[PDB]
Amino acid sequence: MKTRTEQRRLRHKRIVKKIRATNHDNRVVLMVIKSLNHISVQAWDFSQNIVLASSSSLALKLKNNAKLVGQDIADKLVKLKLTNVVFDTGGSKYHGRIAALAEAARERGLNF
Amino acid sequence: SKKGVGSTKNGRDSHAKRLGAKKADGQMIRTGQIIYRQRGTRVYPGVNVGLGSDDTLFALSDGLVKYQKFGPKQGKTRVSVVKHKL
Amino acid sequence: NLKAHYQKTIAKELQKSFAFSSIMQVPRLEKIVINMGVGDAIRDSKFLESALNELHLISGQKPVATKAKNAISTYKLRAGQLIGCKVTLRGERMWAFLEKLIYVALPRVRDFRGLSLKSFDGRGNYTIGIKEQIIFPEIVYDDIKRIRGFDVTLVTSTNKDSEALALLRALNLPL
Amino acid sequence: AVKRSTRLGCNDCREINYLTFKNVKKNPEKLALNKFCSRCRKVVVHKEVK
Amino acid sequence: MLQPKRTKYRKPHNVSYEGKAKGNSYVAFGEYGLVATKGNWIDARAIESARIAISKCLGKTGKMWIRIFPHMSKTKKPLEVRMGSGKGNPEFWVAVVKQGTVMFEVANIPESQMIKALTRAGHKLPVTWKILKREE
Amino acid sequence: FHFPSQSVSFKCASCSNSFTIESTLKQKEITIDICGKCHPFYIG
RNA sequence: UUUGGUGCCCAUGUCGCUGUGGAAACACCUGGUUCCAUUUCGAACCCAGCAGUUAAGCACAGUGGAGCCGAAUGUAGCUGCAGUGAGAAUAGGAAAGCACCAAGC
RNA sequence: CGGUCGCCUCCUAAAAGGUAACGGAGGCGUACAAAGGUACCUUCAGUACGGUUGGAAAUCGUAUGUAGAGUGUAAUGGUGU
RNA sequence: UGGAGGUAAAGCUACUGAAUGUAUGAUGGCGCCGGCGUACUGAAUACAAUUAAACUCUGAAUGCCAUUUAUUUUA
């Protein structure tokens with residue numbers, strides 16, 4: 001069967017395809033990734049295929065659920081003065097540490 | 001000699017649905033107006049185009065219409081409405 | 001218990017038999033499935049409830065329904081009407097059922113020779129289809145129209161068949 | 001012809017304000033909907049009347 | 001008469017049989033081939049008569065092969081009928097022979113008897129023919 | 001959910017080795033008088 | 001540049017085969033203590049972590065086996081024996097890339 | 001006399017559209033309060049093997065396949081996470 | 001200048017049917033002590049040629065659609 005890892009990429013592809021077919025507004029996305037032992041998020045941009053920012057375990061992160069992953073990039077985003085983005089549920093559900101990430105993004109001044 | 005087939009087989013016929021290329025590349029379009037009508041999906045919605053779920057493919061923005069190949073062997077044709085220069 | 005015996009001695013013995021540098025490449029067991037179905041009759045004659053009873057009293061999880069992938073009715077199967085039940089057992093209950101199967105009541109027929117010939121599809125499979133279910137001790141009375149065994153089909157993570165032979169022979173399965 | 005389309009009425013107006021497609025061969029229950037009324041100007045429970 | 005077993009329709013178009021050959025110009029199995037200088041229609045009975053005639057005079061070691069097969073239906077309404085009122089019935093089967101088309105190929109038997117037999121068999125065909133040698 | 005399972009002591013006059021890990025709790029004193037030691041197929 | 005994520009275009013990007021690596025990572029993995037879950041199974045999803053793993057997904061070398069793609073000569077049909085020039089076959093290539101991000105750099 | 005008269009799909013129809021006859025194939029005078037919407041999970045038909053009543057496949061598990069799966073309905077187009 | 005397109009032509013191991021010879025043989029029958037020479041029927045695995053309006057894995061020209069450019073126009 002499938003590799004149990006290509007499943008999350010398939011979910012990412014189907015969701016991004018549906019959104020980009022439907023999202024007529026031009027907002028950048030806060031992509032999420034939940035690996036086995038780590039998590040990694042990227043503020044991506046569509047219609048240009050470029051990256052605006054990223055925060056990962058390979059980036060500033062101690063041993064690791066953690067709340068130290070959400071508010072780090074919101075200040076960078078407001079430094080780029082977007083403050084209106086679209087969120088990605090990723091290959092996981094909107095639950096667990098993803099909820100903490102979303103709340104940390106929301107509280108700092110981001111409207112999603 | 002005048003004696004032929006009575007109760008002749010099906011000779012009925014439907015109407016003709018007036019569809020096809022209502023627009024073509026090279027004409028400016030007002031927003032909202034139709035571009036192409038088709039039974040099925042032989043043209044696909046690309047960028048800045050509205051798809052009404054009655055086999056309707058209309059313009060959702062302003063600009064110029066273009067046609068690009070897509071799919072496995074360029075079997076699909078995707079309609080695009082590129083925006084005017086700013 | 002037998003899991004602590006298996007994963008401490010037989011796994012090492014198997015890995016030394018076929019000299020390997022991978023601990024997860026040896027013939028092991030991670031999932032088994034047991035199916036059930038009544039093609040003999042669709043009529044509610046000790047069916048859809050007797051399966052529930054027997055599977056609850058023989059397995060560790062409640063039955064789950066499924067319908068046929070097609071619609072073949074040359075023996076009266078229409079209007080949907082799912083038949084049988086299935087348990088894809090895992091975890092500790094997997095080994096509990098394994099121990100119940102191997103060393104409890106299978107030794108009840110003198111010439112129980114099993115099936116070590118022509119039981120491999122080619123991707124590490126094993127099947128045991130018996131005719132009697134009362135053959136087990138944990139059975140009830142007067143709750144069946146006609147005794148029928150439960151087909152057990154076990155699969156593993158090894159595609160090769162020789163390792164399946166080693167796995168079957170390590171637990172002393174009949175030749 | 002084969003009458004299959006029925007009406008719907010607002011219990012807070014006792015008028016006729018909706019037309020639904022509800023055959024009577026498989027649905028013996030009355031349709032208790034929550035429909036929008038332009039006189040109540042809001043969502044109101046609607047029952048069956050004809 | 002090699003009647004088709006099953007057909008999707010019953011009364012289709014006949015053919016546009018002008019132009020060059022869609023194929024069958026090549027010779028595959030036989031040593032002598034019978035080509036045609038133009039195209040026309042061949043009905044079923046003629047094929048069977050020619051085949052039995054060519055096989056009767058054929059020896060016991062040579063082999064012959066047909067390149068055509070009737071795949072077109074035809075309508076011929078009964079006599080005294082008027083023009084119009086639907087379509088008629090099938091009466092026979094028609095094979096289409098375009099220009100430069102080979103119909104028969106024969107081999108594995110002396111050549112003189114074969115050219116004589118091919119002449120005597122092509123005399124039964126409506127289209128004037130031409131002998132063509134084995135292609136290497 | 002499902003009725004819990006447990007193990008009660010396994011008894012056999014031809015085994016003398018208890019097979020008591022996890023069968024169920026709905027029964028008491030599981031016992032069978034025939035085992036694999038007397039069975040030629042389940043012997044070495 | 002080693003590798004992970006990564007978008008564009010969708011079998012000249014793939015299917016499949018043989019070997020070498022995974023430091024950091026990615027996947028396996030120990031389990032269901034709890035958020036959560038299963039038409040039932042921690043299979044799947046989700047949680048806190050590594051005793052070990054290059055076996056597996058990923059890559060790196062070869063393999064034209066499959067599939068794919070495909071020039072030159074001429075070629076029917078075409079518009080007025082002159083332009084027009086396909087499909088089939090064939091030399092023959094092909095083990096994909098284009099961008100972006102953060103480290104090992 | 002026979003049949004036909006309204007609507008829908010395809011071919012006739014000659015690579016925009018339309019384009020006939022008493023030309024060739026067919027059907028419709030509908031169903032579903034969920035077969036609608038949203039969010040989520042998830043994806044062929046068969047082939048081969050293994051096996052209790054069970055042959056030719058019933059039920060299943062696994063490789064397999066590149067849509068011959070499905071699509072309420074006659075056909076076309078369309079849709080392979 | 002580019003596209004909208006499945007038309008003639010060609011193709012049928014690229015489908016759907018139809019359909020020709022070469023090659024091996026499934027499943028049945030026949031003789032037979034666990035298997036058989038199989039005089040038999042003969043799934044298809046590859047090779048060579050075919051046929052279609054309701055077959056299309058492909059694929060023109062003319063023609064139609066608008067702008068770039070020139071000319072006649074008050075239609």
# chains A, B, ... in the order shown; residues from 1 in each chain; ligands from 1
>>> interface_residues(of="chain E", to="chain B", cutoff="6 Å", atoms="only C-alpha atoms", output="PDB file with N, CA and C atoms, in the first residue's frame")
ATOM      1  N   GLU E  80     -41.284  -2.847 -57.370  1.00  0.00           N
ATOM      2  CA  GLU E  80     -42.521  -2.070 -57.450  1.00  0.00           C
ATOM      3  C   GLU E  80     -42.714  -1.117 -56.272  1.00  0.00           C
ATOM      4  N   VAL E  81     -41.709  -0.985 -55.407  1.00  0.00           N
ATOM      5  CA  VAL E  81     -41.814  -0.047 -54.296  1.00  0.00           C
ATOM      6  C   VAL E  81     -41.487   1.362 -54.785  1.00  0.00           C
ATOM      7  N   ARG E  82     -42.022   2.365 -54.091  1.00  0.00           N
ATOM      8  CA  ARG E  82     -41.738   3.757 -54.413  1.00  0.00           C
ATOM      9  C   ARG E  82     -40.460   4.236 -53.732  1.00  0.00           C
ATOM     10  N   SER E  85     -39.887   6.275 -47.868  1.00  0.00           N
ATOM     11  CA  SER E  85     -40.428   5.396 -46.827  1.00  0.00           C
ATOM     12  C   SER E  85     -39.333   4.497 -46.240  1.00  0.00           C
TER      13      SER E  85
END
>>> residues_around(residues="stretch 37-40 of chain H", least_positions_apart="3", cutoff="12 Å", atoms="only C-alpha atoms (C1' of nucleotides)", output="list in words")
residues 11, 89, 92, 93 and 94 of chain A; 45 of chain G; 34 of chain H
>>> write_last_selection(atoms="C-alpha atoms (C1' of nucleotides)", output="PDB file, in the first residue's frame")
ATOM      1  CA  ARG A  11      -3.682  15.636   1.750  1.00  0.00           C
ATOM      2  CA  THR A  89      -4.504  22.166   8.454  1.00  0.00           C
ATOM      3  CA  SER A  92      -3.121  16.440  10.413  1.00  0.00           C
ATOM      4  CA  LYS A  93      -6.394  17.578  11.919  1.00  0.00           C
ATOM      5  CA  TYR A  94      -6.915  20.954  13.587  1.00  0.00           C
TER       6      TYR A  94
ATOM      7  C1'   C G  45      -5.664   9.632  13.114  1.00  0.00           C
TER       8        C G  45
ATOM      9  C1'   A H  34     -31.802  12.894   1.324  1.00  0.00           C
TER      10        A H  34
END
>>> select_by_dssp(residues="stretch 4-136 of chain E", states="helix (DSSP H, G or I)", output="list in words")
residues 44, 45, 46, 47, 48, 49, 50, 51, 52, 53, 54, 55, 56, 111, 112, 113, 114, 115, 116, 117, 118, 119, 120, 121 and 122 of chain E
>>> residues_around(residues="residue D:34", least_positions_apart="2", cutoff="9 Å", atoms="only C-alpha atoms (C1' of nucleotides)", output="PyMOL selection string")
chain D and resi 32+36+43-47
>>> write_last_selection(atoms="N, CA, C and O atoms", output="PDB file, in the first residue's frame")
ATOM      1  N   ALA D  32     -41.279  18.820   9.285  1.00  0.00           N
ATOM      2  CA  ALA D  32     -41.145  19.917  10.241  1.00  0.00           C
ATOM      3  C   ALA D  32     -39.832  20.627   9.928  1.00  0.00           C
ATOM      4  O   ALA D  32     -38.768  20.258  10.428  1.00  0.00           O
ATOM      5  N   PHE D  36     -37.123  30.258   6.322  1.00  0.00           N
ATOM      6  CA  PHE D  36     -37.091  31.705   6.462  1.00  0.00           C
ATOM      7  C   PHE D  36     -38.424  32.297   6.027  1.00  0.00           C
ATOM      8  O   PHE D  36     -38.954  31.950   4.968  1.00  0.00           O
ATOM      9  N   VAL D  43     -36.014  32.989  10.806  1.00  0.00           N
ATOM     10  CA  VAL D  43     -36.159  31.545  10.673  1.00  0.00           C
ATOM     11  C   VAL D  43     -37.227  31.073  11.648  1.00  0.00           C
ATOM     12  O   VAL D  43     -37.160  31.371  12.846  1.00  0.00           O
ATOM     13  N   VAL D  44     -38.212  30.339  11.134  1.00  0.00           N
ATOM     14  CA  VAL D  44     -39.354  29.886  11.914  1.00  0.00           C
ATOM     15  C   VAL D  44     -39.645  28.443  11.527  1.00  0.00           C
ATOM     16  O   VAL D  44     -39.467  28.043  10.372  1.00  0.00           O
ATOM     17  N   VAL D  45     -40.066  27.651  12.517  1.00  0.00           N
ATOM     18  CA  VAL D  45     -40.462  26.277  12.246  1.00  0.00           C
ATOM     19  C   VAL D  45     -41.727  26.269  11.391  1.00  0.00           C
ATOM     20  O   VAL D  45     -42.691  27.001  11.648  1.00  0.00           O
ATOM     21  N   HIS D  46     -41.716  25.430  10.360  1.00  0.00           N
ATOM     22  CA  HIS D  46     -42.800  25.333   9.395  1.00  0.00           C
ATOM     23  C   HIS D  46     -43.320  23.904   9.367  1.00  0.00           C
ATOM     24  O   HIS D  46     -42.537  22.950   9.350  1.00  0.00           O
ATOM     25  N   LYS D  47     -44.640  23.769   9.352  1.00  0.00           N
ATOM     26  CA  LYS D  47     -45.326  22.484   9.353  1.00  0.00           C
ATOM     27  C   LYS D  47     -46.006  22.258   8.005  1.00  0.00           C
ATOM     28  O   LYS D  47     -45.871  23.054   7.072  1.00  0.00           O
TER      29      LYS D  47
END
>>> atom_distance(atom1="atom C1' of residue H:73", atom2="atom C1' of residue H:28")
9.1 Å
>>> closest_residue(among="A:14, A:8, A:2, A:79", to="residue H:81", atoms="only C-alpha atoms (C1' of nucleotides)")
A:14
>>> decode(residues="stretch 35-48 of chain D", atoms="N, CA and C atoms", output="tab-separated table (two decimals), in the first residue's frame")
chain	number	residue	atom	x	y	z
D	35	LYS	N	-37.69	27.19	8.19
D	35	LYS	CA	-37.57	27.96	6.96
D	35	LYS	C	-37.62	29.46	7.26
D	36	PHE	N	-37.12	30.26	6.32
D	36	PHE	CA	-37.09	31.71	6.46
D	36	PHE	C	-38.42	32.30	6.03
D	37	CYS	N	-38.96	33.19	6.85
D	37	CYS	CA	-40.21	33.88	6.58
D	37	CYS	C	-39.92	35.37	6.41
D	38	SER	N	-40.45	35.94	5.33
D	38	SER	CA	-40.29	37.36	5.02
D	38	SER	C	-41.26	38.24	5.79
D	39	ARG	N	-42.30	37.67	6.39
D	39	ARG	CA	-43.19	38.41	7.28
D	39	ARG	C	-42.66	38.43	8.70
D	40	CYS	N	-42.29	37.26	9.24
D	40	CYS	CA	-41.51	37.23	10.47
D	40	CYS	C	-40.08	37.70	10.25
D	41	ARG	N	-39.61	37.71	9.00
D	41	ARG	CA	-38.28	38.19	8.65
D	41	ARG	C	-37.19	37.43	9.39
D	42	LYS	N	-37.40	36.13	9.58
D	42	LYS	CA	-36.48	35.33	10.39
D	42	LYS	C	-36.79	33.86	10.16
D	43	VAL	N	-36.01	32.99	10.81
D	43	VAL	CA	-36.16	31.54	10.67
D	43	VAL	C	-37.23	31.07	11.65
D	44	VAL	N	-38.21	30.34	11.13
D	44	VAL	CA	-39.35	29.89	11.91
D	44	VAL	C	-39.64	28.44	11.53
D	45	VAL	N	-40.07	27.65	12.52
D	45	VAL	CA	-40.46	26.28	12.25
D	45	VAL	C	-41.73	26.27	11.39
D	46	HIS	N	-41.72	25.43	10.36
D	46	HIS	CA	-42.80	25.33	9.40
D	46	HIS	C	-43.32	23.90	9.37
D	47	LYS	N	-44.64	23.77	9.35
D	47	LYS	CA	-45.33	22.48	9.35
D	47	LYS	C	-46.01	22.26	8.00
D	48	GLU	N	-46.75	21.16	7.92
D	48	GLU	CA	-47.41	20.75	6.69
D	48	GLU	C	-48.87	21.19	6.70
